[PDB]
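*Asks:* following this: a sequence and the matching experimental structure.
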Amino acid sequence: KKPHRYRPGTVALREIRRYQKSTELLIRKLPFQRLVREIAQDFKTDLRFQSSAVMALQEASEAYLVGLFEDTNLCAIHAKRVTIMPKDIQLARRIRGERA
Amino acid sequence: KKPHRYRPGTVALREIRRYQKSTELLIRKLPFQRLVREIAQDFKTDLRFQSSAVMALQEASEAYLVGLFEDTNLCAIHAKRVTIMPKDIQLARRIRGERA
Amino acid sequence: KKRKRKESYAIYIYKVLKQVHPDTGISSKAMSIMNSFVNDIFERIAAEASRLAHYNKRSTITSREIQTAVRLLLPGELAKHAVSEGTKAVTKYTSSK
Amino acid sequence: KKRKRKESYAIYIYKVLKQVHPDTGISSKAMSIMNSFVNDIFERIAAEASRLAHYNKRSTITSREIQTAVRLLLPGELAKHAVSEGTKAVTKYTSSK
Amino acid sequence: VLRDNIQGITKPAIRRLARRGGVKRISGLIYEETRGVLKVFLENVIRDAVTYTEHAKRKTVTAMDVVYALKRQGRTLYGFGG
Amino acid sequence: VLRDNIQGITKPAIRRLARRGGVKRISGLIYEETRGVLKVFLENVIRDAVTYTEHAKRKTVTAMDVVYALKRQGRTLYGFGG
Amino acid sequence: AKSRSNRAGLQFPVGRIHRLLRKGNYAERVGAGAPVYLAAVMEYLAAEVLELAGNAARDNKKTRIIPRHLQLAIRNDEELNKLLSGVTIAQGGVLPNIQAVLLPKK
Amino acid sequence: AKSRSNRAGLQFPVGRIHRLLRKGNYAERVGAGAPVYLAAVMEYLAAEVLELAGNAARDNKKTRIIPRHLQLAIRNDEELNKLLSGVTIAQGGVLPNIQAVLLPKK
DNA sequence: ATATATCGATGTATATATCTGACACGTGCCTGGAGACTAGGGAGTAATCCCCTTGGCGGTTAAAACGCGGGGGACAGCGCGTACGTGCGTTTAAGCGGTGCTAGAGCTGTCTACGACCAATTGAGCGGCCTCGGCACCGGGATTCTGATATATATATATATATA
DNA sequence: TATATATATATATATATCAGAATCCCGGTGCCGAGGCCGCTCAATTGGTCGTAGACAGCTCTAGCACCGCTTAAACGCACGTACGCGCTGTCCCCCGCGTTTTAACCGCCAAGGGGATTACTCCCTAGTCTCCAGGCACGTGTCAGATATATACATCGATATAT
């Protein structure tokens, strides 16, 4: 017979209910560390970082992106949609004031 | 003869081009002064107000409401509308963070 | 040969926890978060008391400046609960002198 | 029979205006706005310089604290133009001592 | 001795403020919510300004108290006093 | 000597962050803008923290500089150091 | 002899807060009742936060407060959310919530 | 004899800014070069804003700067608008900026 | 049958006087800024060390990348009632201008309680080590949903049947 | 031969049922992070001295409140028309769920070495005090850019008569 295959939307609901209740770091540690060092070498060359500095940057970046995705979701639901699109992100960043 | 009557939308655009060019306080001074005294007499009975305090409150309230109407209009244009709705005001105040 | 004398509110937060919950422990990271919270409340109230001292052409921070700073910063029920708590603590200070 | 002395930056703003635009005046409300602007910039840079001196366990606001505070608060080209202006003013001071 | 003074914030004034905001059409339910939002904003700013007034042993609210209350909330007002 | 490491912020990582934010369907052009927005946010915070490290005459950007750089932007971080 | 914290009936330090008020250059002359009032307010705020955190820990069947319990305690309350709106908690989470539009229709 | 604002070539006062840094209880001691650096930065920011305000006043054929000219000068510029983000200019206005969707279809 | 050029009409900005109230400028003075000497303490310079960061190697392994089938959501289009703009007449209420008055704000003199400061001392707080219990991990059972499916169930139809 | 009623049968749809993954929960083991004890050390406490900032009153003066009247501009309500927001439908495409493959992150261990923290010396840089004197601020007066009134050229918006 055909395999037991879920409808599109059930797995997304399960992932929402799973990732909202666990508190790990969703971005991998090493590529974020490489991204931080790549951005930081533009200002001052030959820098050093503590592990707690990269950890603090990762927690701040994840918290900021999760808040931005919450407001982006509310923008998308406001326009009678369930799919977040980029124009929701420019609307959210415009209302928040980060679009200079 | 039939009178020369403008289409719905032309006078609104003229008022947008006129009030964005003007400077003066749009709310009448005396009802706003009465509103400020009504709100202020809850916190402390028998208060006195300088004139410059009431004009400072009027300028701040007018600028805050104009900024909120800009964000509300951006929300309304986002949802394929030209008419601002109350749900646009709740969305703008929610993304701004003003929802207590 | 220790490194340095680091100052923190860990013992006091643990004493407050053992008055509130006699059998609940606390992890190290939760204590560090709560230490940061206590220091942030301290710097907020102290900065507002400094602003109230400067704004009235005064040069001191009495209890009234901190009471007004608590009233400006803390919202709602927390404001008057903390004002009543601080008032009875200042009264218990002065009566025991 | 004057009431009190009011210290303000009005005549200094008028000197800067007449060195920038020799034939343009300024209204009194515009002078009050730029007095508020100058005081707000002074308060921002002074508060950040105080915070910078406190975070390094230092107890003197030197010119380096003001330079770092200017590089922190001011964005973009304003930061580098302001630190070039401040550096040549401090150099003129030290040479003219 | 007062009345209900929030109806003094009049529907043409919300209309003119929205024209300055750049709005083409207004729904009929904007006005009540705009009165509520303005009432909430004034109940914050006037509360902070009145607290600044009662700290200084004064019974009048100067422009400086309103400027300090607005500066505390993030709406820094150049202009009056400063 | 490096590469383009913004491609290291993978599509499932943005997917998991968006699930934690609570979204159900994600468009295919979300990921490029999320990388750009994250790059802008890091170029703000890292620049302020590097300035804090410049003033101390150090070379290791410690956790305290990151906490102060985040506090200056209005995003206070309880946790590391404090 | 008697410390000022024990005399005032508190547990946050009064002498340390007096030292941090004097040498944190907020004003020229830090008064006498000011560190006691500030310590009492800070002790009350800590007592409220730890009470809600302990309630969230007991509701989750754990006997040790983790940062998720602090996140749940602060954001499940309203006035602490008004106080701590601009702060993020390291190794915390978000509140478990989802909009009713995203839920599947029945 | 020679005032320190005239010695450093500036126009903003160095002595008054030194006094306001001294008894503005920011730190215990204040260096000598800090008021000069701060006065130079304040004078540059004022000179930039008066330059753009004079340009905006000459564009509207007025020889006296009103608050609307300052409002236009601040919000037309990029870095000056980014610096004064939450700042409300009293008796100013808004920029003439109408969205393209609201314009009538031709 | 629909796009196009007139043309009546309405609002906008321009020219010019005027008169005016707000801004630029002269004057005293008194207040804070500047010169000089003291004295002291914060901060830079030099050597140490050890602590933590960076770089490298191996290895299993969880997770990202790619591809494919398809289902559901986004987008476009048509229809339409409704809700809002626009205009008109009227009446209310805000703006303005005096006028009293009186309550509250600012200055001033004084003097009193209160906070800074110094030295000694000791009790509280912090670093380091141990030891133990709460949490992490793994395996099995129950549960709790989700998805596909057979069952029966209401509905349209074509022919049998009754009436004229 | 024409007209009207009923009902078995075929068909598109609501619903109980059964199987399949995912997750919670219970228990056993172990493991590592937190609580408790002990030594050191440093900073809070107490007493006495002294400068000074803030409270009390009292005076005065100023500006905020209440009141009245004229004017006239703006709001309010009614009517009408039209453009737009909502809703339904069709479709088409574009994410999603799932499976296989590969690969790069995680963890752990090791070595080098660079820099952060410490301690001491000194030096130069800043607070304090005095004392003189120039700068800035309040006040009064000239004067000139700007608001308002009347008239007018012109941009522009919509209703319409005409051409292909």
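*Replies:* Right, received. Where do you want to start? Numbering: from 1, shown residues only, chains lettered A, B, ... in the order given.

*Asks:* what's the longest helix in chain A?
*Replies:* Taking DSSP state H as the criterion, chain A has its longest helix at helix A:51-78.

*Asks:* residues in contact with the closest residue to residue A:44 other than its chain neighbours?
*Replies:* Nearest residue to residue A:44 in three dimensions, chain neighbours excluded: residue F:50, at 5.3 Å (CB to CB, 6 or more residues apart in numbering or on different chains). For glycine as for every other residue, the C-beta is placed from the backbone atoms N, C-alpha and C. Contact partners of residue F:50, counting by CB atoms under 8 Å, 6 or more residues apart in numbering or on different chains, are A:40, A:43, A:44, A:47, F:61, F:65.

*Asks:* can you redo those residues as JSON lines with secondary structure and neighbour count?
*Replies:* Below are the contacts of residue F:50 laid out as JSON lines (DSSP: H, G, I helix; E, B strand; the rest coil; neighbours: other CB atoms under 10 Å in any protein chain shown):
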{"residue": "A:40", "secondary structure": "helix", "neighbour count": "23"}
{"residue": "A:43", "secondary structure": "helix", "neighbour count": "15"}
{"residue": "A:44", "secondary structure": "coil", "neighbour count": "15"}
{"residue": "A:47", "secondary structure": "coil", "neighbour count": "17"}
{"residue": "F:61", "secondary structure": "strand", "neighbour count": "27"}
{"residue": "F:65", "secondary structure": "helix", "neighbour count": "26"}
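
*Asks:* ok, back up a step: near chain F at all, the following helix or strand past the longest helix of chain A?
*Replies:* Using DSSP states H and E, the helix or strand that follows helix A:51-78 in sequence is strand A:83-84. Yes: on the criterion CB under 8 Å from any CB of the partner chain, strand A:83-84 is in touch with chain F at A:83, A:84.

*Asks:* counting contacts, what elements does strand A:83-84 pack onto?
*Replies:* helix A:51-78, strand F:25-26 (3 or more CB pairs under 8 Å, 6 or more residues apart in numbering or on different chains; DSSP states H and E).

*Asks:* out of these, which gets nearest to chain G?
*Replies:* Nearest to chain G among the helices and strands packed on strand A:83-84 is helix A:51-78; the distance by CB to the nearest CB comes to 4.1 Å.

*Asks:* point out the most buried one among the helices and strands packed on strand A:83-84.
*Replies:* Most buried of these, by mean neighbour count (mean count of other CB atoms under 10 Å in any protein chain shown): helix A:51-78, with a mean of 22.

*Asks:* ok, that one near chain E or not?
*Replies:* No: judged by CB under 8 Å from any CB, helix A:51-78 stays clear of chain E, getting no closer than 15.1 Å.

*Asks:* tell me the angle of that helix relative to helix B:51-78?
*Replies:* With axes from the mean of the first three to the mean of the last three CA atoms, to 10 degrees as the basis, helix A:51-78 and helix B:51-78 are set at 70 degrees to each other.

*Asks:* next one: helix A:51-78 to chain centre, how far?
*Replies:* 5 Å (CA atoms, centre = their mean, to the nearest Å).

*Asks:* can you tell if the longest helix of chain A touches chain G?
*Replies:* Yes: between helix A:51-78 and chain G, judged by CB under 8 Å from any CB, the touching residues are A:56, A:59, A:60, A:63, A:64, A:66, A:70, A:73, A:74, A:77.

*Asks:* tell me the one of those nearest DNA strand I?
*Replies:* Checking the residues of helix A:51-78 next to chain G against DNA strand I with CB to the nearest atom of the strand, the nearest one is residue A:77 at 9.1 Å.

*Asks:* nearest residue to the closest one in space, ignoring adjacent ones along the chain?
*Replies:* Nearest to residue A:77 is residue G:101, by CB to CB, 6+ apart, at 5.2 Å.

*Asks:* assign the residue of chain E found nearest chain D to helix, strand or coil.
*Replies:* Proximity of chain E to chain D (CB to the nearest CB) peaks at residue E:82, 2.7 Å away. Three-state assignment for residue E:82 (DSSP: H, G, I helix; E, B strand; the rest coil): coil.

*Asks:* of the helices and strands packed on strand A:83-84, which is nearest DNA strand J?
*Replies:* The nearest among these, by CB to the nearest atom of the strand, is strand F:25-26 at 3.8 Å.

*Asks:* dump the residues of helix A:51-78 next to chain G to a markdown table, plus distance to residue A:3.
*Replies:* What follows is the residues of helix A:51-78 next to chain G, written out as a markdown table (distance: CB to CB, whole Å):
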| residue | distance to residue A:3 |
| --- | --- |
| A:56 | 44 |
| A:59 | 39 |
| A:60 | 42 |
| A:63 | 38 |
| A:64 | 40 |
| A:66 | 33 |
| A:70 | 34 |
| A:73 | 31 |
| A:74 | 36 |
| A:77 | 32 |
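
*Asks:* kindly provide the distance from the residue nearest to residue G:14 when sequence neighbours are not counted to residue G:38.
*Replies:* If the residues on either side of it in the chain are set aside, residue G:14 comes closest to residue G:4, at 3.8 Å by CB to CB, 6+ apart. Counting by CB to CB, to the nearest Å, the gap from residue G:4 to residue G:38 is 12 Å.

*Asks:* pull the number of nearby residues for residue 21.
*Replies:* Since you didn't name a chain, this refers to chain A. By the criterion of other CB atoms under 10 Å in any protein chain shown, residue A:21 has 13 neighbours.

*Asks:* my question was about chain C, not that one.
*Replies:* 19.

*Asks:* tell me who's in contact with residue 59.
*Replies:* You didn't say which chain, so I picked chain A. Counted by CB under 8 Å, 6+ apart, residue A:59 has contacts A:25, F:77, F:79, F:80, G:88, G:90, G:91.

*Asks:* sorry, I should have been clearer: chain E.
*Replies:* So residue E:59 contacts B:46, B:47, B:48, E:53 (CB under 8 Å, 6+ apart).

*Asks:* surely the third one and residue E:65 touch.
*Replies:* No: counting by CB atoms under 8 Å, residue B:48 does not reach residue E:65; the two are 11.7 Å apart.

*Asks:* measure stretch G:57-64 end to end?
*Replies:* Length of stretch G:57-64, first residue to last, CA to CA, to the nearest Å: 7 Å.

*Asks:* cool, stretch A:80-92 as well?
*Replies:* 16 Å.
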